[PDB]
Amino acid sequence: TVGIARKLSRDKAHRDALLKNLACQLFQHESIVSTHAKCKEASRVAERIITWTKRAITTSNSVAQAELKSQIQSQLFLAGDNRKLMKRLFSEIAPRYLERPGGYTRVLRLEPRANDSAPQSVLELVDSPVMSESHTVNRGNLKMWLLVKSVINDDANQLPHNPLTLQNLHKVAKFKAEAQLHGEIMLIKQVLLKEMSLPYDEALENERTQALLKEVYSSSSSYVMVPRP
Amino acid sequence: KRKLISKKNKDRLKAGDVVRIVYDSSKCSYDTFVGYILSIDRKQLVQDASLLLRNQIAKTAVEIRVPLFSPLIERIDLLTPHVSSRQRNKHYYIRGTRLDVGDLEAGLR
Amino acid sequence: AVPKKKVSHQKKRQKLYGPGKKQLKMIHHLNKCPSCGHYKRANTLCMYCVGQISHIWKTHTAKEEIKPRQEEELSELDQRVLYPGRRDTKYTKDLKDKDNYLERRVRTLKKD
Amino acid sequence: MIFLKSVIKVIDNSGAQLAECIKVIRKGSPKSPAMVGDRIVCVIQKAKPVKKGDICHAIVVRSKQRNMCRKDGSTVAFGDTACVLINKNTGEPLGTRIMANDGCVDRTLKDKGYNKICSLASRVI
RNA sequence: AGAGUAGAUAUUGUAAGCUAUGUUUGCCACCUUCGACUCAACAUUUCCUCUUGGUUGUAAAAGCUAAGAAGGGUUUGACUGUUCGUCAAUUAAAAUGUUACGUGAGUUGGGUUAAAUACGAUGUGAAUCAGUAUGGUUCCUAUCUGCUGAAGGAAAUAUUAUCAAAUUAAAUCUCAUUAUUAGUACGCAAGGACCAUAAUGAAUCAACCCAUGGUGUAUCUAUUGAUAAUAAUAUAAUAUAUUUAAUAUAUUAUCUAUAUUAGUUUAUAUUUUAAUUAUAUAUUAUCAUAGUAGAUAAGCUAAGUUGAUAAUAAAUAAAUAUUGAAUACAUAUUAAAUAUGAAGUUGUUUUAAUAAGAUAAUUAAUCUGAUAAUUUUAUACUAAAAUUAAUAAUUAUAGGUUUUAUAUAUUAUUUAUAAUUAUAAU
RNA sequence: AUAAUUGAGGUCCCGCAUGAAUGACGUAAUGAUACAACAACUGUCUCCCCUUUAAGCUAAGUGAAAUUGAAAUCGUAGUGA
RNA sequence: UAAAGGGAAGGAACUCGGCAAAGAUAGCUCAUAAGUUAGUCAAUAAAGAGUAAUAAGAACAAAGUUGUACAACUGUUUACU
RNA sequence: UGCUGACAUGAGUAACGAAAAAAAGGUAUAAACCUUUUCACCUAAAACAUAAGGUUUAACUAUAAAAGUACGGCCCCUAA
Ligand SMILES: [Mg+2]
Ligand SMILES: [Mg+2]
Ligand SMILES: [Mg+2]
Ligand SMILES: [Mg+2]
Ligand SMILES: [Mg+2]
Ligand SMILES: [Mg+2]
Ligand SMILES: [Mg+2]
Ligand SMILES: [Mg+2]
Ligand SMILES: [Mg+2]
Ligand SMILES: [Mg+2]
Ligand SMILES: [Mg+2]
Ligand SMILES: [Mg+2]
Ligand SMILES: [Mg+2]
Ligand SMILES: [Mg+2]
Ligand SMILES: [Mg+2]
Ligand SMILES: [Mg+2]
Ligand SMILES: [Mg+2]
Ligand SMILES: [Mg+2]
Ligand SMILES: [Mg+2]
Ligand SMILES: [Mg+2]
Ligand SMILES: [Mg+2]
Ligand SMILES: [Mg+2]
Ligand SMILES: [Mg+2]
Ligand SMILES: [Mg+2]
Ligand SMILES: [Zn+2]
């Protein structure tokens with residue numbers, strides 16, 4: 001009771017309702033902005049739900065499967081725009097994480113909101129598909145977009161990529177096919193260029209992307225450690 | 001001693017089992033105790049597991065918790081297996097009601 | 001319960017601005033944004049870039065403004081006859097001038 | 001654990017049936033409890049036709065309080081708190097036999113050195 | 001004076017004398033609330049415990065009386081508003097005070113000086129009482145001092161990281177019972193030791209959570225009543241592709257469990273009739289004090305566990321001595337020398353602070369700190385402490401993920417692999 | 001009546017200073033009246049522990065009050081309207 | 001601090017005083033004494049039974065018996081002690 | 001314990017008045033405004049009709065529509 005989770009200045013039931021709601025919204029929209037604390041707890045729930053889904057998908061035991069399904073049902077409000085959410089979890093959301101061991105959600109710190117000074121954050125699903133057909137882009141993963149923007153900026157400036165940026169890119173790649181990733185980047189890039197003032201040469205851009213990918217993929221003091229004399 | 005009380009063993013000890021605790025005579029001079037198991041207390045670490053068992057002796061109850069891995073206890077002999085009627089992990093609820101144990105010694109005679 | 005004397009100018013000053021706790025610190029922790037070299041708080045996403053991204057998402061994931069089927073081919077004269085524009089109350093007017101009471105996010109300086 | 005006006009069973013043949021503790025002997029503060037093996041003063045509240053009202057001494061032989069720890073890491077708890085009446089300055093049982101009907105007691109009594117009481121008991125648990 | 005089997009001065013001590021205290025009852029008029037609870041601090045004119053002198057009244061044991069001694073300790077009930085007091089049960093003892101007869105911006109308000117009312121008394125009466133009785137009203141967020149904690153700045157015999165002594169501020173200091181010496185000494189008998197040690201405890205304090213018990217709004221299960229879902233299945237519509245000869249079949253998606261009419265005014269329900277308008281289907285959720293009940297992990301806790309009650313030593317108090325003059329004797333010295341002697345003192349032990357000193361480092365591709373992030377050993381905020389790895393190695397901080405374990409409550413009438421059978425097992 | 005009773009009930013009558021519509025005396029019912037006893041039940045207490053919520057605490061926004069001669073507002077003893 | 005929930009062994013040892021907080025073994029149908037002003041007044045009597053229930057298990061109605069003083073009784077009273 | 005005005009002190013302290021919120025979009029302007037969805041609260045009401053009352057507060061100036069019959073006033077008739 002004391003120190004197992006956040007309390008969030010709400011009594012039990014209400015808190016539970018809030019958290020379930022947040023999870024549902026995250027599943028719906030892929031990315032949401034809220035207070036930091038709320039995000040932090042919401043992620044815990046969401047991750048657990050995802051894992052349950054995964055287990056249901058995998059495990060042979062019928063009994064286990066049923067139980068997991070029940071748990072999933074319990075942990076959601078399947079009513080309005082969440083009516084088909086159960087289906088979505090199994091069919092669309094859970095598969096993306098089949099190989100990934102935990103860390104399905106990403107919390108990113110924003111600026112504290114001006115009126116209230118409450119510290120804010122983005123909570124979002126990790127590998128969310130950025131390109132929906134009959135739509136162009138999707139309301140996807142902010143981090144990826146940010147990375148792409150940074151890359152573009154670097155290119156514009158003709159500076160080398162920051163090591164941090166490279167690390168981030170590598171992380172993104174780890175659970176991602178190369179070609180797919182490249183495609184995603186390309187999709188992002190055009191859109192970004194359109195948004196910004198910058199021009200767009202297709203082939204050149206492609207080449208740049210390829211170069212970026214290559215470095216990412218194929219991997220490559222005053223104190224002297226010495227034995228006790 | 002571990003095998004009984006193992007959560008992976010099917011024929012383990014359960015609330016509802018009647019058991020005879022036999023003490024070692026070389027270590028101590030304690031008399032052997034018969035009791036209906038109300039609960040097995042499994043802990044974070046293994047050696048400090050116990051079980052809480054009771055007996056009514058001629059109009060007076062008595063409950064005893066025995067640390068199962070005490071070297072004072074030799075072995076514990078299952079006298080009577082539990083019945084499928086009484087259900088729950090811990091049967092504290094029986095004390096004082098119709099479901100109480102009565103005199104196990106008497107039953108044994 | 002109650003002050004025995006008027007608290008002197010000195011004393012109040014030293015209670016207020018004296019200790020460190022009560023002083024505003026300088027926000028040292030702030031660094032360049034990787035996407036556009038502007039200032040941002042450390043360990044924090046740049047508020048401009050994220051905003052931009054959000055805007056783009058909105059533009060793309062915009063919901064279809066469900067315009068009614070009838071009013072699209074509704075004669076101007078006919079429209080006028082039907083739906084004449086009233087005068088709004090003071091309160092409504094006030095609400096409408098959002099610029100007066102509503103704040104748009106400021107942009108940081110360029111880090112060097 | 002027994003305190004001021006706690007009522008307890010007398011498991012003896014002295015004719016006392018039920019006694020009410022008025023004081024614990026060896027312990028300094030009167031607020032302190034009397035546990036198994038301890039000597040108490042009590043008023044005899046009910047008796048079979050000693051008499052009701054008699055202030056007498058007793059030793060607490062068994063308690064309902066689980067939590068009482070034994071050196072071997074075990075505990076024993078009873079259905080009631082019971083005592084045996086003793087002699088003011090002799091410290092021996094005032095009765096000749098502990099009621100074999102309901103005469104169980106804690107082996108801690110033996111440790112204490114109440115051998116007479118322990119032997120008198122139907123069972124020592 | 002006089003008691004005290006004798007004899008004022010063991011113990012007692014008339015009336016009269018000389019003082020001290022400002023704890024009682026008063027006097028003065030400088031000046032305008034008793035109790036209970038909580039927490040106690042200080043004193044010593046000491047109740048207990050330690051040392052000692054006197055005791056035909058010190059055989060011993062219990063006492064009586066006196067000197068040193070304030071280190072530790074000095075109670076729970078019935079009665080009463082009571083402090084007190086009378087009892088009961090204990091205790092080593094249940095000491096007497098001072099602190100605005102300590103403590104109401106700390107609690108209570110039973111007593112006690114208001115308004116109501118009654119009784120007795122007094123008064124012709126309004127009313128009154130060193131009467132009696134029932135009821136009955138104040139509140140305060142803390143400015144400064146102070147105290148308890150926690151930080152920032154700072155001057156450091158000059159820095160930083162770490163270790164740190166003396167010292168200063170406190171805390172602590174104990175007590176009983178039992179057993180041994182010993183049924184010994186002593187005593188006709190009864191009775192019954194000192195000196196000294198050990199073991200049990202007692203109060204007090206500290207720490208801890210392996211276990212025990214409590215809790216546990218994360219922990220599942222059971223369960224009463226109402227409602228709202230999701231999935232599946234049957235039905236219907238629409239949309240989208242498929243086959244068939246726009247139609248029908250089947251696939252996918254979305255939406256749908258309605259509605260109208262009868263049964264003599266109304267409303268609801270039932271059944272009929274209308275309509276595609278449904279499941280004694282699986283699983284959920286909400287509300288009812290966490291809806292109620294049985295268990296319950298961590299953590300926190302005591303009713304639990306563990307430990308301490310600080311030695312050894314130095315100088316002493318009252319007291320007990322040696323030699324030994326001044327003073328041919330005597331005299332422990334208010335002479336020179338020489339000794340014993342207390343739970344007291346000094347010290348030790350414990351905590352906090354301080355930082356002498358010591359080790360190392362020196363303008364820096366990763367010097368020492370702070371800001372920042374993830375946090376709990378820490379925590380009101382701070383501060384403290386752990387981590388901020390992702391390159392040649394090495395380091396897990398929270399969340400997640402996996403693991404085994406625990407918790408729940410069904411499970412061998414089982415699960416898993418192969419073909420009702422075989423093997424491995426929950 | 002309680003281990004123990006200045007309380008309670010009964011009885012006794014030097015009624016300091018009862019008493020008959022300022023009614024006297026015993027009773028059924030009634031009473032949020034006032035005393036007392038027993039049962040049961042309990043955190044009232046031995047003796048406090050844990051948990052929840054709203055405060056308190058920190059950040060942002062708004063923003064009071066009584067009070068106030070002036071203050072650079074320590075301890076002790078003494079002094080002194 | 002307030003407003004709740006739970007609590008081992010005790011069960012009023014608390015306190016001016018069980019203040020407060022516990023405490024309900026049918027809400028339907030039976031069955032219900034003494035006393036009495038003869039009114040199931042007492043009485044919703046206490047106790048007790050029928051149906052339901054065998055230790056897990058909604059909410060609300062329903063919280064004892066007796067003695068004494070005072071007043072017959074239902075009422076009214078000091079709006080704000 | 002003058003009177004009026006101004007400005008301090010306590011103090012950036014207490015408090016902000018019964019409490020369930022979340023997301024997305026309006027709007028790279030929103031804890032507080034609006035819309036959608038989710039969740040909750042009241043429900044012999046915190047609903048729906050009304051009486052009285054009142055700075056018209058309303059869904060507003062382009063504004064609250066009556067021959068009368070489960071429509072009120074005035075009007076007729078009286079009570080106190
Ligand atoms: Mg003295
Ligand atoms: Mg005061
Ligand atoms: Mg004062
Ligand atoms: Mg009253
Ligand atoms: Mg523990
Ligand atoms: Mg626990
Ligand atoms: Mg409701
Ligand atoms: Mg101890
Ligand atoms: Mg590693
Ligand atoms: Mg009269
Ligand atoms: Mg009345
Ligand atoms: Mg503020
Ligand atoms: Mg008392
Ligand atoms: Mg009392
Ligand atoms: Mg009631
Ligand atoms: Mg009356
Ligand atoms: Mg003036
Ligand atoms: Mg203040
Ligand atoms: Mg404050
Ligand atoms: Mg505040
Ligand atoms: Mg409000
Ligand atoms: Mg918005
Ligand atoms: Mg209704
Ligand atoms: Mg209305
Ligand atoms: Zn930027």
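Count begins at 1; order follows the chain as displayed.
When the header is checked for method, it gives electron microscopy, 3.2 Å.
Each residue, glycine too, has its Cβ placed from N, Cα and C.
So that you can see what the record holds, here are the features copied from Swiss-Prot:
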| type | residues | note |
| --- | --- | --- |
| BINDING | C:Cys33, C:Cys36, C:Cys46, C:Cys49 | Zn(2+) binding site |
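When secondary structure is read from DSSP and collapsed to three states, C:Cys49 (Zn(2+) binding site) falls in the helix class.
In the three-state DSSP assignment, the secondary structure recorded for C:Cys36 (Zn(2+) binding site) is coil. For C:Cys33 (Zn(2+) binding site), the same-chain residues that are 6 or more apart in sequence and have a Cβ closer than 8 Å to its Cβ are C:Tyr39, C:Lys40, C:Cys46, C:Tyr48, C:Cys49, C:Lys111.
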